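What follows is one structure encoded as structure tokens, with my remarks underneath.
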Amino acid sequence: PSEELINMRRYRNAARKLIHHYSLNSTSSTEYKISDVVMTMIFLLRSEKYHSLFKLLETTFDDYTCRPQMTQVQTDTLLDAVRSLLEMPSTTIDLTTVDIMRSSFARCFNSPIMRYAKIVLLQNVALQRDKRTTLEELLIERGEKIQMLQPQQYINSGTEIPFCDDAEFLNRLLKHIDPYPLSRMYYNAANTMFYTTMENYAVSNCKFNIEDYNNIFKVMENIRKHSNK
Amino acid sequence: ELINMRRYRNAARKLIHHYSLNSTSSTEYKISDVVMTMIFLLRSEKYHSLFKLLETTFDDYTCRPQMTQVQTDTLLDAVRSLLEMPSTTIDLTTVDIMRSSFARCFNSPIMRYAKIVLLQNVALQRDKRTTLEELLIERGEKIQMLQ
Amino acid sequence: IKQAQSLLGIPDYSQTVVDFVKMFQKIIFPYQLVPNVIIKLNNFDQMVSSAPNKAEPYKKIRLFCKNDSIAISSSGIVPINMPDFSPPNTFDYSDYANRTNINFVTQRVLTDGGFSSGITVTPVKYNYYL
Amino acid sequence: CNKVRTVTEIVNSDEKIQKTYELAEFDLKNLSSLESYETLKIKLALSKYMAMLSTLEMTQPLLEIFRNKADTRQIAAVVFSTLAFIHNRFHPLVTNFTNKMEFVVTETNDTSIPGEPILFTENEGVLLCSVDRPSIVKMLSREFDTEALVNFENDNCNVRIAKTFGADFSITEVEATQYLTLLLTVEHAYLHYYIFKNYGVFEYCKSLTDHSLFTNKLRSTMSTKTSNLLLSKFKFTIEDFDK
Amino acid sequence: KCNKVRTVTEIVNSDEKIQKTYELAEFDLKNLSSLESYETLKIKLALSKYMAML
């Protein structure tokens with residue numbers, strides 16, 4: 001009968017939803033209530049566990065994007081409890097994801113802004129450097145060591161091609177495949193690749209992710225032009 | 001604990017003060033302080049009485065039952081106690097206006113992350129149209145099928 | 001059973017199970033422990049087993065032989081006629097089996113192997129006897 | 001306005017009758033069947049490729065392979081097969097190439113590269129390729145995935161309301177869907193690979209400084225056959241670049 | 001001096017003809033590569049000779 005008498009299940013599901021969004025960047029959703037952010041925080045604070053994370057998360061409120069200090073052992077227990085409470089299958093959820101989320105929260109309250117916000121703050125400050133370099137230097141630096149590195153395998157590389165011909169089998173496959181609205185289902189996959197395109201770096205990250213990535217899709221219209229001579 | 005209850009009360013007080021004398025929104029104020037406010041409520045038994053109702057109205061529009069005069073008076077007591085100022089008397093009903101504010105406030109959007117756009121006509125008659133000849137070639141299929 | 005024989009040399013696909021049974025029996029007392037074979041028996045019956053019907057491995061076998069001062073459980077040596085493990089114990093004190101040490105040793109392991117995935121670790125535990 | 005008109009008259013002008021119609025809804029049925037069978041063709045191609053992969057002794061689910069890092073064998077095999085399939089779809093001619101090629105799995109972030117998980121060194125005496133297993137796994141972090149969604153539409157009464165009125169190894173779909181990821185990735189890589197294989201390292205500086213311009217070189221270059229780019233919208237808000 | 005070198009070819013009896021174009025920028029670059037490798041080798045050789053003689 002205390003105020004804690006709550007849909008803890010609802011609050012859990014919504015906390016997990018929020019984390020799943022902002023951290024894993026999982027998939028399209030409509031995660032557009034400031035309201036239940038509070039429900040999430042209180043769901044945290046109904047334990048000194050997870051409040052342990054909140055100890056760090058509080059530092060958002062001073063809003064300066066200072067690079068967080070590590071106390072190594074406790075940060076390790078932090079990572080532990082993080083993945084645990086997230087109940088994820090230990091998908092290598094690491095310090096980089098952690099600080100990404102930290103910066104997410106260090107971007108949220110930043111808004112005193114209640115009007116609808118079209119603001120995809122793709123950027124992150126905390127890239128362990130004073131300021132962003134170009135990519136060209138890395139095009140030097142990785143290429144060099146790559147040329148230093150030596151092949152991990154041989155290919156026999158003679159004439160080989162595989163094929164199969166069990167037409168009935170293949171049709172059985174087709175039928176099993178039939179239901180899926182792949183049309184829908186794969187756009188999110190493409191978005192996955194997109195996310196990965198910038199997740200690739202927390203390291204002087206590319207600014208011009210935008211318009212050449214868009215040009216890739218313009219290549220479809222280029223294909224239509226090639227069809228139309 | 002960690003909780004700087006000093007600042008928590010100071011912030012809560014200033015925030016609610018400006019908000020409630022507007023009877024309404026607090027444009028200057030960073031959203032964090034909403035969270036700090038509810039923290040204060042949860043950690044202050046004196047104000048759980050009304051935190052209860054705020055909780056109820058964290059979902060849309062809900063309208064609240066009768067309160068006996070004991071409750072009304074303790075409510076206004078805690079209000080003036082948080083807002084101890086000579087400025088004005090307090091009225092029971094303005095909480096309703098503050099409610100109508102809070103509802104929209106918390107209902108507000110939060111953010112976006114970028115989302116692709118997908119479905120449309122890929123093409124139309126503005127592309128090469130099929131012609132008899134290739135269909136002749138194809139229907140040669142049946143002249144091969146025979147049987 | 002068919003599969004097990006298959007993995008084994010199959011001089012006689014027709015050989016009676018009890019053959020294998022007693023062959024394994026030959027070693028019980030000298031090794032004082034339960035064959036995995038016999039455990040899978042009384043595991044993969046519907047009912048007289050761990051009983052997938054209800055998932056009741058709680059039906060551990062307490063197994064005794066003539067003149068013994070002790071018996072062989074599904075889970076190690078036990079003193080006679082007692083409920084498999086006293087809650088009071090020389091407990092697996094958490095200084096051992098601390099998450100922290102487990103993880104540290106596991107990282108050592110992973111590095112040394114050069115292995116990306118598929119590794120898990122667990123402490124041993126003990127019953128009446130250690 | 002396409003309000004096609006029709007008149008018929010008997011011999012000796014004894015009688016004349018008129019009617020009128022519109023190509024509307026005829027065009028709709030055409031477009032319907034068109035996209036229908038083309039989507040079917042793409043689905044069939046996907047099934048074909050996946051089936052082909054099925055021969056390759058999948059002792060493990062696909063993801064397990066990359067979750068392991070001890071191997072390089074299986075990985076390079078799969079990759080080479082993918083490239084073979086792509087080239088075959090560009091060229092109705094099953095074939096083999098310079099019969100020496102080889103691979104490396106890059107394994108450190110500090111050996112990774114922005115954007116592209118794959119790269120070719122065209123002739124270091126001979127062709128060689130390098131690939132980011134770490135990033136591959138990051139794409140494999142498919143906890144991302146969920147189907148339950150809703151397509152955008154427009155102008156349905158004209159456009160879509162018409163469309164309203166029509167209708168062991170037995171593995172599930174989501175993984176298969178994921179296949180498309182590496183499909184499209186290897187496509188994007190193949191583009192640059194083909195390009196520089198045919199052309200200068202200057203236009204392999206370019207194409208990598210940005211992809212962008214290579215549309216020009218693709219002009220007169222494309223096989224007159226489309227690839228894997230049906231649904232014509234692929235974009236976000238843009239003006240919000242807010243420099 | 002971008003010199004998009006320009007070229008055409010003809011069937012004898014001039015039925016019809018084809019055009020192509022090309023760019024030195026790869027060739028000059030490879031020339032420079034060869035040059036620098038060459039001279040580097042020469043210098044290294046010279047140094048080696050000196051050292052051995054001593």
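Within each chain, counting starts at residue 1; across the structure tokens, chains are named A, B, ... in the order shown, with ligands numbered 1 upward in that order.
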
| said: Tell me as a PyMOL selection string which residues belonging to chain D come within 6 Å of chain A, counting only C-alpha atoms. | reply: chain D and resi 52+96+99-100+102-104+111+114-115+144+147+212+219+224

| field | For residue A:63: contacts at 10 Å, only C-alpha atoms, fewer than 5 positions along chain excluded, given as a list in words | value |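 The residues that qualify are residues 58, 103, 105, 106, 107, 108, 109 and 110 of chain A.
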
Produce a file of the selected residues containing C-alpha atoms, as a PDB file, in the first residue's frame.
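Listing of result.pdb after writing:
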ATOM      1  CA  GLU A  58      23.881  11.588 -11.481  1.00  0.00           C
ATOM      2  CA  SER A 103      26.603  10.706 -22.998  1.00  0.00           C
ATOM      3  CA  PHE A 105      21.864  11.029 -20.567  1.00  0.00           C
ATOM      4  CA  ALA A 106      24.370  13.901 -20.668  1.00  0.00           C
ATOM      5  CA  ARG A 107      22.462  15.010 -23.764  1.00  0.00           C
ATOM      6  CA  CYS A 108      18.916  14.512 -22.487  1.00  0.00           C
ATOM      7  CA  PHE A 109      18.543  16.820 -19.460  1.00  0.00           C
ATOM      8  CA  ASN A 110      20.597  19.315 -21.484  1.00  0.00           C
TER       9      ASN A 110
END

| query | For chain C against chain A, which residues fall within 10 Å using only C-alpha atoms, given as a ChimeraX atom specification? | reply | /C:99-100,103

Create the file for the chosen residues now, containing C-alpha atoms and written as an mmCIF file, in the first residue's frame.
data_model
loop_
_atom_site.group_PDB
_atom_site.id
_atom_site.type_symbol
_atom_site.label_atom_id
_atom_site.label_comp_id
_atom_site.auth_asym_id
_atom_site.auth_seq_id
_atom_site.Cartn_x
_atom_site.Cartn_y
_atom_site.Cartn_z
ATOM 1 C CA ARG C 99 32.433 -13.520 -9.012
ATOM 2 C CA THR C 100 35.476 -11.263 -9.161
ATOM 3 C CA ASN C 103 36.031 -13.481 -13.875
#

I want to know what sits within 10 Å of stretch 61-69 of chain B, based on only C-alpha atoms, with residues of the same chain fewer than 3 positions away left out; could you give that as an mmCIF file with N, CA, C and O atoms, in the first residue's frame?
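The file below, part.cif, is the result:
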data_model
loop_
_atom_site.group_PDB
_atom_site.id
_atom_site.type_symbol
_atom_site.label_atom_id
_atom_site.label_comp_id
_atom_site.auth_asym_id
_atom_site.auth_seq_id
_atom_site.Cartn_x
_atom_site.Cartn_y
_atom_site.Cartn_z
ATOM 1 N N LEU B 53 -1.139 11.230 -5.716
ATOM 2 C CA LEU B 53 -2.046 11.696 -6.755
ATOM 3 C C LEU B 53 -1.278 12.043 -8.020
ATOM 4 O O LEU B 53 -1.742 11.771 -9.137
ATOM 5 N N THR B 56 -0.910 9.055 -9.857
ATOM 6 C CA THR B 56 -2.112 8.660 -10.588
ATOM 7 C C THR B 56 -2.225 9.416 -11.906
ATOM 8 O O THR B 56 -2.587 8.836 -12.936
ATOM 9 N N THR B 57 -1.911 10.706 -11.896
ATOM 10 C CA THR B 57 -2.043 11.530 -13.093
ATOM 11 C C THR B 57 -0.818 11.488 -14.004
ATOM 12 O O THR B 57 -0.827 12.129 -15.058
ATOM 13 N N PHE B 58 0.216 10.722 -13.658
ATOM 14 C CA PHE B 58 1.272 10.480 -14.639
ATOM 15 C C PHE B 58 0.759 9.726 -15.856
ATOM 16 O O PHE B 58 1.445 9.696 -16.883
ATOM 17 N N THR B 72 -7.405 17.926 2.482
ATOM 18 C CA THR B 72 -7.249 19.205 1.793
ATOM 19 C C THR B 72 -6.360 20.141 2.598
ATOM 20 O O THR B 72 -5.476 20.815 2.048
ATOM 21 N N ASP B 73 -6.564 20.172 3.914
ATOM 22 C CA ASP B 73 -5.873 21.141 4.748
ATOM 23 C C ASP B 73 -4.416 20.759 4.926
ATOM 24 O O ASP B 73 -3.537 21.620 4.868
ATOM 25 N N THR B 74 -4.138 19.478 5.163
ATOM 26 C CA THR B 74 -2.749 19.035 5.221
ATOM 27 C C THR B 74 -2.042 19.271 3.894
ATOM 28 O O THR B 74 -0.856 19.621 3.865
ATOM 29 N N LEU B 75 -2.753 19.092 2.782
ATOM 30 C CA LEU B 75 -2.187 19.394 1.476
ATOM 31 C C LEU B 75 -1.762 20.850 1.397
ATOM 32 O O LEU B 75 -0.614 21.161 1.065
ATOM 33 N N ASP B 96 -5.398 22.081 -9.654
ATOM 34 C CA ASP B 96 -5.985 21.522 -10.868
ATOM 35 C C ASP B 96 -5.311 22.087 -12.112
ATOM 36 O O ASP B 96 -5.057 21.362 -13.083
ATOM 37 N N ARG B 99 -1.986 20.559 -12.366
ATOM 38 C CA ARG B 99 -2.232 19.233 -12.922
ATOM 39 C C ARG B 99 -2.319 19.271 -14.441
ATOM 40 O O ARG B 99 -1.680 18.470 -15.134
ATOM 41 N N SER B 100 -3.170 20.148 -14.973
ATOM 42 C CA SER B 100 -3.320 20.224 -16.422
ATOM 43 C C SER B 100 -2.006 20.576 -17.103
ATOM 44 O O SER B 100 -1.746 20.126 -18.226
ATOM 45 N N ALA B 103 0.340 17.216 -16.831
ATOM 46 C CA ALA B 103 -0.071 16.162 -17.751
ATOM 47 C C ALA B 103 0.572 16.349 -19.118
ATOM 48 O O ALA B 103 1.245 15.446 -19.630
ATOM 49 N N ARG B 104 0.420 17.538 -19.702
ATOM 50 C CA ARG B 104 1.020 17.803 -21.005
ATOM 51 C C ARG B 104 2.538 17.766 -20.928
ATOM 52 O O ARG B 104 3.202 17.196 -21.806
#

| request: Identify, with DSSP run on backbone atoms, the residues in stretch 1-117 of chain A assigned to alpha helix (DSSP H), and express the list as a count of residues only. | output: 62

| Pairwise distance for atom CA of residue D:179 and atom CA of residue A:175, rounded to one decimal in Å | 18.2 Å

| message | Which residue is closest to residue A:122? Choose from B:98, B:136, B:123, B:114 and count only C-alpha atoms. | response |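 Counting only C-alpha atoms, the residue closest to residue A:122 is B:114.
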
| field | Residue list (strand (DSSP E), DSSP) for chain E, as a ChimeraX atom specification | value | /E:4-10,17-23

| task | Pull out every residue of chain E sitting within 9 Å of chain D, counting only C-alpha atoms, and send them as an NGL selection string. | result | :E and (23 or 25-26)
